[PDB]
Structures are given as structure tokens and as C-alpha cells.
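Since the structure comes first, as C-alpha cells, the remarks are kept for the end.
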Amino acid sequence: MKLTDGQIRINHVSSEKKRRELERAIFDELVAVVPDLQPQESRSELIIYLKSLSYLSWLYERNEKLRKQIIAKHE
Amino acid sequence: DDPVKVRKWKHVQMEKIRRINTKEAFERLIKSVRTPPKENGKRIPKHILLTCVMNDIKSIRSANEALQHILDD
DNA sequence: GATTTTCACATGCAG
DNA sequence: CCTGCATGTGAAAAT
């Protein structure tokens, strides 16, 4: 049967709420795994994204540095 | 004049500017992340993209640890 | 078609 | 007072 206005409205609210709760959980995972990202920053999207990108860049840089060191230990 | 309405206006626009700057930071982040190919030309929701971020972080940490053990052998 | 999901928005309010 | 984050909702994209 056709959903009533009230049923449509709260389905809308809950769908939004669940997705925000989903995003926030990932924010908390990023706080946990990004050294320089602090729990106080766990709901500041701009800072999460910038510090995550910085961490990615450093991780790739480290990867380069190690590969060269192996290529060096084999001379 | 009405400083109250000006302050209301400024807060509205500065929220929209915060959203713009947040979106720019997000797009910069996502351009450096292995993301799924757009099947059927359908947008990828932010939270799916965020999972790709977490995956890439974990994936490269591991690779680096594996590289570290090789360097210690 | 109707419903779900997502994005963007204007606003309330803690600190 | 200011701002940064939280909320439900309009409109649009996806299902």
C-alpha cells in the first residue's frame, strides 16, 4: 500500500541518520589509524580529509624510501 | 543597517563556504585513492569513497611492513 | 510509476 | 558575539 506522508518523512530522517552514523564510524577509524589525526578532530571533515591525504602521501613516500634501501642492500 | 540580519547572512554564506572548502579537500583526497570504476555512470556515495580511503591506508601500511622485514633480512 | 538514498542547505546552539 | 558541528528537510540521483 502507498506510504503515508508521516511514513515517508521518518523513513527519510532515518535514512539520513543512518548514513551520518556510518560516516562518523569511518571518521573514528581514520582518527585511530592516522597518527596526526586527534579524537578532538573526529567530526571536522575538512581536517580529517587533509590529514588523511597527508598520511597517504607519507606512506607512499616511506614505501619509495624502503624500496630504494632494498635496491641498495643488493647494491 | 540591522547588524542582526547581516550576521545571519554572514553565517549562512560562511557555512556554504565551509562546505565548499570541505568538498575541495575531499576531492583532493579521493583523487589519490584507488576508487572503483564508475559502473553505469552512477555516482559513488561519500561513505563508499571513505571506505576506499581506509582500505588504501591499511593496504600501504602492510606493504611497508612487508618491505621493512625484507630490509631486515 | 514509488521508494530509497544521497547531497546540500539554512538553522540552532555549545563552547 | 562567533564558529564549528548537528539536525531535518527539499530536491535530485539511484534503485
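Each chain gets a letter, A, B and so on, in the order its sequence line appears, and its residues count up from 1. Excluded from the calculations below are hydrogen atoms, water molecules and symmetry mates; all remaining heavy atoms, backbone and side chain alike, are included.
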Item checked: Side chain of B:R7 (C-beta onward), nearest among D:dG4, D:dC2, C:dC7 -> D:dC2
Next item on the list: Describe the nucleic acid contact of B:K16 in one word from base, sugar-phosphate, nothing, applying a heavy-atom distance below 4.0 Å.
Entry: sugar-phosphate
Next item on the list: State whether the number of non-hydrogen atoms from other residues, nucleotides or ligands found under 6.0 Å of A:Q40 atom CD is greater than 12.
Entry: no
Note to self: The side chain of B:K23 is closest to which nucleotide in this list: C:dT11, D:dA11, C:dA8?
What the structure shows: C:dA8
Check: If you find the nucleotide of DNA chain D closest to A:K17 and the one closest to A:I47, which residue's nucleotide is nearer the 5' end?
Finding: A:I47
Item checked: Interatomic distance where CD belongs to A:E23 and P belongs to D:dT7 [whole Å] -> 12 Å
Margin query: I'd like to know whether CG of A:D5 has more than 12 heavy-atom contacts from other residues, nucleotides or ligands below 6.0 angstrom.
Written below: no
Checklist line | N/O donor-acceptor pair under 3.5 Å between A:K51 side chain and A:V31 backbone | finding: no
Item checked: Contacts of type side-chain hydrogen bond (donor to acceptor under 3.5 Å, both in side chains), residue A:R43, not counting sequence neighbours -> A:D28
Notebook entry, point to check: Does OP1 or OP2 of C:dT4 have a side-chain N or O of A:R19 closer than 4.0 Å?
Noted result: no
Margin query: I'd like to check the salt bridge (charged side-chain N to carboxylate O under 4.0 Å, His left out) partners of A:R19; sequence neighbours left out, ordered by chain and number.
Written below: A:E16, A:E23
Note to self: Can you list everything that forms a side-chain hydrogen bond (donor to acceptor under 3.5 Å, both in side chains) with B:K58? Sequence neighbours excluded, please.
What the structure shows: none
Note to self: Can you see if the side chain of A:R20 gets near the phosphate of D:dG8 - specifically, an N or O under 4.0 Å from OP1 or OP2?
What the structure shows: yes
Next item on the list: Can you tell me which residue pairs pass the side chain to side chain donor-acceptor pair (under 3.5 Å) test with a partner in residues 35-45 of chain B, sequence neighbours excluded?
Entry: none
Next item on the list: Can you tell me the distance, in whole Å, between the CD atom of B:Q13 and the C1' atom of D:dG4?
Entry: 16 Å
Margin query: Please give the remaining members of the hydrophobic cluster of A:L46, linking ILVMFWY side chains under 4.5 Å, ordered by chain and number.
Written below: A:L50
Notebook entry, point to check: If you look only at pairs with a residue in residues 52-61 of chain A, which of them pass as a side chain to side chain donor-acceptor pair (under 3.5 Å), with sequence neighbours excluded?
Noted result: A:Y55-B:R61, A:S57-A:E61
Checklist line | Whole angstrom value for the distance that separates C1' of D:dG4 from CD of B:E15 | finding: 7 Å
Checklist line | Pairing residues for A:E45 by the side-chain hydrogen bond (donor to acceptor under 3.5 Å, both in side chains) criterion, not counting sequence neighbours | finding: A:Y49, B:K46
Report each atom pair, protein N/O against N/O of nucleotides 1-3 of chain C, whose distance is under 3.5 angstrom.
residue, atom, partner, partner atom, Å
C:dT3, OP1, A:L3, N, 2.9

Next item on the list: Please confirm whether any donor atom in the side chain of A:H12 sits under 3.5 Å from an acceptor in the base of D:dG10, or the reverse.
Entry: yes
Note to self: Please report the distance, rounded to the nearest Å, between CD in A:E45 and P in C:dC9.
What the structure shows: 14 Å
Notebook entry, point to check: How would you list, by chain and number, every residue that makes a salt bridge (charged side-chain N to carboxylate O under 4.0 Å, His left out) with B:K23, sequence neighbours excluded?
Noted result: B:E27
Checklist line | DNA chain C contacts made by residues 32-48 of chain B, counting heavy atoms under 4.0 Å | finding: B:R43, B:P45, B:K46, B:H47
Notebook entry, point to check: A:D5 CG to D:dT9 P: how many Å, rounded?
Noted result: 12 Å
Next item on the list: Check DNA chain D against residues 24-43 of chain A and give the residues with a non-hydrogen atom under 4.0 Å, in numerical order.
Entry: A:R24, A:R43
Margin query: Check this for me: does the side-chain of A:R9 come within 3.5 Å of the base of D:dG10 through a donor and an acceptor?
Written below: no
Notebook entry, point to check: For B:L67, which fellow cluster members are found when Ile, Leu, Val, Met, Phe, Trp and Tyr are connected by side-chain heavy-atom distances below 4.5 angstrom, either directly or through intermediates?
Noted result: A:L66, A:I70, B:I70, B:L71
Item checked: Nearest listed nucleotide, side chain of B:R19, among C:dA8, D:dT7, D:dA6 -> C:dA8
Check: Under 5.5 Å between ring centres and under 30° between planes: true for B:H11 and the base of D:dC2?
Finding: no
Next item on the list: Rounded off to whole Å, could you give me the CH2-to-P distance for the B:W9 and C:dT11 pair?
Entry: 14 Å
Checklist line | Rounded distance (Å) that lies between atom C1' of C:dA8 and atom CD of A:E16 | finding: 9 Å
Next item on the list: Mind calculating the distance between CZ (B:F26) and P (C:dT6) to the nearest angstrom?
Entry: 13 Å
Notebook entry, point to check: Counting only heavy atoms not in A:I10, do more than 12 sit closer than 6.0 Å to its CD1 atom?
Noted result: no
